[PDB]
Amino acid sequence: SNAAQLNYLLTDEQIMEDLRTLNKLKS
Amino acid sequence: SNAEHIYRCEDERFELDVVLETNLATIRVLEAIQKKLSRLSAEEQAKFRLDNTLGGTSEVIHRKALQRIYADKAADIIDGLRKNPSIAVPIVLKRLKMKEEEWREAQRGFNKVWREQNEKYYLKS
């Protein structure tokens with residue numbers, strides 16, 4: 001809507017993905 | 001006059017100025033630690049771990065910054081940093097770096113343009 005969007009909080013998608021990755025590390 | 005009344009910058013800059021400064025401080029410290037990590041072994045993540053690191057005094061800076069992005073799961077991410085640095089730090093840092101650029105974009109819109117408008121000729125109208 002604007003030129004810049006003030007998004008501070010990450011979505012549960014991003015958050016949960018991080019947690020999934022942290023407790024796994026399959027790389 | 002213009003629309004109705006002169007709407008000067010409220011608290012928008014304050015939010016951005018502070019969050020970006022907080023961001024940069026956390027950017028610095030995480031990149032520093034992550035560089036010192038360079039992917040350590042399990043025993044090395046036990047050896048070199050955030051015991052007093054990211055804490056002491058400036059913990060609130062990184063803690064608050066992290067709670068802003070991971071509000072609900074801040075504890076889980078904090079725990080990760082205090083446990084598995086070569087796991088969490090690279091990921092959290094990458095999240096923080098993309099968010100950094102996004103915050104920078106916001107700072108470009110508010111702070112940067114404010115800089116331009118304020119320092120340049122506003123005229124007498």
# chains A, B, ... in the order shown; residues from 1 in each chain; ligands from 1
>>> residues_around(residues="residue B:80", least_positions_apart="2", cutoff="12 Å", atoms="only C-alpha atoms", output="PyMOL selection string")
(chain A and resi 18-24) or (chain B and resi 45+49-50+73-78+82-92)
>>> closest_atom_pairs(of="chain B", to="chain A", cutoff="6 Å", atoms="only C-alpha atoms", output="CSV")
residue,atom,partner,partner_atom,distance
B:68,CA,A:9,CA,5.7
B:69,CA,A:9,CA,4.3
B:88,CA,A:22,CA,5.7
B:106,CA,A:4,CA,5.0
>>> write_last_selection(atoms="N, CA and C atoms", output="PDB file, in the first residue's frame")
ATOM      1  N   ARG B  68      10.826  -9.072  18.995  1.00  0.00           N
ATOM      2  CA  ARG B  68      10.020  -8.323  18.042  1.00  0.00           C
ATOM      3  C   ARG B  68       9.709  -9.165  16.802  1.00  0.00           C
ATOM      4  N   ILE B  69      10.653 -10.002  16.393  1.00  0.00           N
ATOM      5  CA  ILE B  69      10.449 -10.839  15.216  1.00  0.00           C
ATOM      6  C   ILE B  69       9.889 -12.212  15.590  1.00  0.00           C
ATOM      7  N   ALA B  88      21.619 -22.519  15.444  1.00  0.00           N
ATOM      8  CA  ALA B  88      20.651 -21.434  15.520  1.00  0.00           C
ATOM      9  C   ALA B  88      21.183 -20.138  14.922  1.00  0.00           C
ATOM     10  N   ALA B 106      12.466   0.364   5.029  1.00  0.00           N
ATOM     11  CA  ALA B 106      11.572   1.215   5.799  1.00  0.00           C
ATOM     12  C   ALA B 106      12.292   2.485   6.240  1.00  0.00           C
TER      13      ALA B 106
END
>>> select_by_dssp(residues="chain A", states="helix (DSSP H, G or I)", output="number ranges by chain")
A: 12-22
>>> write_last_selection(atoms="C-alpha atoms", output="compact mmCIF listing (two decimals), in the first residue's frame")
# COMPACT_ATOMS: atom_id res chain seq x y z
CA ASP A 12 4.08 -18.27 12.36
CA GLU A 13 5.14 -19.80 9.05
CA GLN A 14 8.63 -18.31 9.31
CA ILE A 15 8.82 -18.78 13.08
CA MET A 16 7.80 -22.44 13.05
CA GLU A 17 10.12 -23.16 10.11
CA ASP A 18 13.01 -21.77 12.14
CA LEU A 19 12.12 -24.01 15.10
CA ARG A 20 11.78 -27.03 12.78
CA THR A 21 15.21 -26.31 11.35
CA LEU A 22 16.85 -25.63 14.74
>>> closest_residue(among="B:94, B:64, B:120, B:99", to="residue B:31", atoms="only C-alpha atoms")
B:94
>>> atom_distance(atom1="atom CA of residue B:117", atom2="atom CA of residue B:9")
11.5 Å
>>> residues_around(residues="residue B:25", least_positions_apart="3", cutoff="8 Å", atoms="only C-alpha atoms", output="mmCIF file with N, CA, C and O atoms, in the first residue's frame")
data_model
loop_
_atom_site.group_PDB
_atom_site.id
_atom_site.type_symbol
_atom_site.label_atom_id
_atom_site.label_comp_id
_atom_site.auth_asym_id
_atom_site.auth_seq_id
_atom_site.Cartn_x
_atom_site.Cartn_y
_atom_site.Cartn_z
ATOM 1 N N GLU B 21 18.723 0.914 14.969
ATOM 2 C CA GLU B 21 19.920 0.940 15.804
ATOM 3 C C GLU B 21 20.044 -0.368 16.587
ATOM 4 O O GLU B 21 21.123 -0.965 16.662
ATOM 5 N N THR B 22 18.926 -0.811 17.153
ATOM 6 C CA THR B 22 18.862 -2.081 17.862
ATOM 7 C C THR B 22 19.210 -3.234 16.914
ATOM 8 O O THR B 22 19.959 -4.160 17.268
ATOM 9 N N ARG B 28 25.685 -6.772 14.188
ATOM 10 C CA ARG B 28 27.109 -6.792 14.493
ATOM 11 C C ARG B 28 27.475 -7.994 15.353
ATOM 12 O O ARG B 28 28.339 -8.785 14.982
ATOM 13 N N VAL B 29 26.803 -8.132 16.491
ATOM 14 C CA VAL B 29 27.162 -9.162 17.458
ATOM 15 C C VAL B 29 26.958 -10.576 16.897
ATOM 16 O O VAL B 29 27.795 -11.452 17.110
ATOM 17 N N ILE B 61 19.006 -5.538 24.266
ATOM 18 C CA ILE B 61 19.020 -5.063 22.891
ATOM 19 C C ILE B 61 18.690 -6.197 21.924
ATOM 20 O O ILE B 61 17.792 -6.084 21.090
ATOM 21 N N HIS B 62 19.394 -7.305 22.073
ATOM 22 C CA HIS B 62 19.235 -8.432 21.163
ATOM 23 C C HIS B 62 17.990 -9.215 21.534
ATOM 24 O O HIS B 62 17.287 -9.734 20.671
#
>>> residues_around(residues="residue B:48", least_positions_apart="3", cutoff="12 Å", atoms="only C-alpha atoms", output="list in words")
residues 33, 34, 36, 37, 38, 39, 40, 41, 42, 43, 44, 45, 51, 52, 53, 81, 82, 83, 84, 85 and 86 of chain B
>>> write_last_selection(atoms="N, CA, C and O atoms", output="PDB file, in the first residue's frame")
ATOM      1  N   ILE B  33      29.822 -13.405  16.219  1.00  0.00           N
ATOM      2  CA  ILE B  33      29.767 -14.743  16.797  1.00  0.00           C
ATOM      3  C   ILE B  33      29.737 -15.806  15.707  1.00  0.00           C
ATOM      4  O   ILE B  33      30.470 -16.788  15.771  1.00  0.00           O
ATOM      5  N   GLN B  34      28.902 -15.589  14.698  1.00  0.00           N
ATOM      6  CA  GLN B  34      28.755 -16.536  13.598  1.00  0.00           C
ATOM      7  C   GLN B  34      30.080 -16.710  12.857  1.00  0.00           C
ATOM      8  O   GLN B  34      30.404 -17.806  12.392  1.00  0.00           O
ATOM      9  N   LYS B  36      33.039 -16.293  14.310  1.00  0.00           N
ATOM     10  CA  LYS B  36      33.873 -17.037  15.251  1.00  0.00           C
ATOM     11  C   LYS B  36      33.478 -18.508  15.269  1.00  0.00           C
ATOM     12  O   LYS B  36      34.302 -19.379  15.550  1.00  0.00           O
ATOM     13  N   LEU B  37      32.210 -18.769  14.982  1.00  0.00           N
ATOM     14  CA  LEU B  37      31.709 -20.129  14.880  1.00  0.00           C
ATOM     15  C   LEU B  37      32.303 -20.833  13.668  1.00  0.00           C
ATOM     16  O   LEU B  37      32.977 -21.851  13.804  1.00  0.00           O
ATOM     17  N   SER B  38      32.047 -20.272  12.484  1.00  0.00           N
ATOM     18  CA  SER B  38      32.465 -20.868  11.211  1.00  0.00           C
ATOM     19  C   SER B  38      32.095 -22.353  11.150  1.00  0.00           C
ATOM     20  O   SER B  38      32.819 -23.167  10.571  1.00  0.00           O
ATOM     21  N   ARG B  39      30.932 -22.671  11.728  1.00  0.00           N
ATOM     22  CA  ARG B  39      30.413 -24.037  11.807  1.00  0.00           C
ATOM     23  C   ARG B  39      31.298 -24.901  12.704  1.00  0.00           C
ATOM     24  O   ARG B  39      32.271 -25.501  12.250  1.00  0.00           O
ATOM     25  N   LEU B  40      30.959 -24.946  13.985  1.00  0.00           N
ATOM     26  CA  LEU B  40      31.730 -25.714  14.955  1.00  0.00           C
ATOM     27  C   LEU B  40      31.112 -27.088  15.183  1.00  0.00           C
ATOM     28  O   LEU B  40      29.940 -27.314  14.881  1.00  0.00           O
ATOM     29  N   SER B  41      31.913 -27.998  15.716  1.00  0.00           N
ATOM     30  CA  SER B  41      31.444 -29.332  16.058  1.00  0.00           C
ATOM     31  C   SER B  41      30.570 -29.274  17.311  1.00  0.00           C
ATOM     32  O   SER B  41      30.482 -28.233  17.959  1.00  0.00           O
ATOM     33  N   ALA B  42      29.937 -30.389  17.656  1.00  0.00           N
ATOM     34  CA  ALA B  42      29.062 -30.440  18.826  1.00  0.00           C
ATOM     35  C   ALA B  42      29.832 -30.091  20.098  1.00  0.00           C
ATOM     36  O   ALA B  42      29.402 -29.243  20.887  1.00  0.00           O
ATOM     37  N   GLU B  43      30.985 -30.723  20.281  1.00  0.00           N
ATOM     38  CA  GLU B  43      31.824 -30.452  21.446  1.00  0.00           C
ATOM     39  C   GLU B  43      32.339 -29.011  21.431  1.00  0.00           C
ATOM     40  O   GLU B  43      32.591 -28.420  22.479  1.00  0.00           O
ATOM     41  N   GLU B  44      32.468 -28.444  20.238  1.00  0.00           N
ATOM     42  CA  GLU B  44      32.934 -27.074  20.096  1.00  0.00           C
ATOM     43  C   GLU B  44      31.806 -26.091  20.387  1.00  0.00           C
ATOM     44  O   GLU B  44      32.054 -24.983  20.847  1.00  0.00           O
ATOM     45  N   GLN B  45      30.571 -26.509  20.125  1.00  0.00           N
ATOM     46  CA  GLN B  45      29.399 -25.701  20.454  1.00  0.00           C
ATOM     47  C   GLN B  45      29.144 -25.739  21.956  1.00  0.00           C
ATOM     48  O   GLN B  45      28.479 -24.865  22.513  1.00  0.00           O
ATOM     49  N   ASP B  51      27.660 -18.123  26.847  1.00  0.00           N
ATOM     50  CA  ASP B  51      27.524 -18.221  28.294  1.00  0.00           C
ATOM     51  C   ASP B  51      27.348 -16.832  28.891  1.00  0.00           C
ATOM     52  O   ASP B  51      26.420 -16.581  29.658  1.00  0.00           O
ATOM     53  N   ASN B  52      28.245 -15.928  28.531  1.00  0.00           N
ATOM     54  CA  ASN B  52      28.114 -14.526  28.916  1.00  0.00           C
ATOM     55  C   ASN B  52      27.950 -13.679  27.669  1.00  0.00           C
ATOM     56  O   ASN B  52      27.791 -12.461  27.735  1.00  0.00           O
ATOM     57  N   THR B  53      27.988 -14.345  26.529  1.00  0.00           N
ATOM     58  CA  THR B  53      27.926 -13.677  25.247  1.00  0.00           C
ATOM     59  C   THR B  53      26.483 -13.306  24.905  1.00  0.00           C
ATOM     60  O   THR B  53      25.563 -14.093  25.141  1.00  0.00           O
ATOM     61  N   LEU B  81      20.191 -20.182  20.899  1.00  0.00           N
ATOM     62  CA  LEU B  81      21.447 -19.437  20.901  1.00  0.00           C
ATOM     63  C   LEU B  81      22.310 -19.827  22.100  1.00  0.00           C
ATOM     64  O   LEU B  81      23.536 -19.842  22.022  1.00  0.00           O
ATOM     65  N   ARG B  82      21.655 -20.164  23.200  1.00  0.00           N
ATOM     66  CA  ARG B  82      22.343 -20.523  24.435  1.00  0.00           C
ATOM     67  C   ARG B  82      22.666 -22.015  24.466  1.00  0.00           C
ATOM     68  O   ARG B  82      23.059 -22.552  25.500  1.00  0.00           O
ATOM     69  N   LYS B  83      22.505 -22.683  23.329  1.00  0.00           N
ATOM     70  CA  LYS B  83      22.619 -24.133  23.275  1.00  0.00           C
ATOM     71  C   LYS B  83      23.397 -24.578  22.041  1.00  0.00           C
ATOM     72  O   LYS B  83      24.471 -25.170  22.150  1.00  0.00           O
ATOM     73  N   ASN B  84      22.856 -24.264  20.873  1.00  0.00           N
ATOM     74  CA  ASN B  84      23.437 -24.694  19.607  1.00  0.00           C
ATOM     75  C   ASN B  84      23.732 -23.488  18.727  1.00  0.00           C
ATOM     76  O   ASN B  84      22.918 -23.120  17.874  1.00  0.00           O
ATOM     77  N   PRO B  85      24.891 -22.840  18.919  1.00  0.00           N
ATOM     78  CA  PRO B  85      25.241 -21.631  18.181  1.00  0.00           C
ATOM     79  C   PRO B  85      25.460 -21.890  16.691  1.00  0.00           C
ATOM     80  O   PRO B  85      25.010 -21.119  15.855  1.00  0.00           O
ATOM     81  N   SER B  86      26.124 -22.990  16.351  1.00  0.00           N
ATOM     82  CA  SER B  86      26.418 -23.285  14.952  1.00  0.00           C
ATOM     83  C   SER B  86      25.173 -23.783  14.219  1.00  0.00           C
ATOM     84  O   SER B  86      25.192 -23.992  13.005  1.00  0.00           O
TER      85      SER B  86
END
>>> closest_residue(among="B:2, B:8, B:13, B:56", to="residue B:109", atoms="only C-alpha atoms")
B:13
>>> atom_distance(atom1="atom CA of residue B:30", atom2="atom CA of residue B:16")
20.4 Å
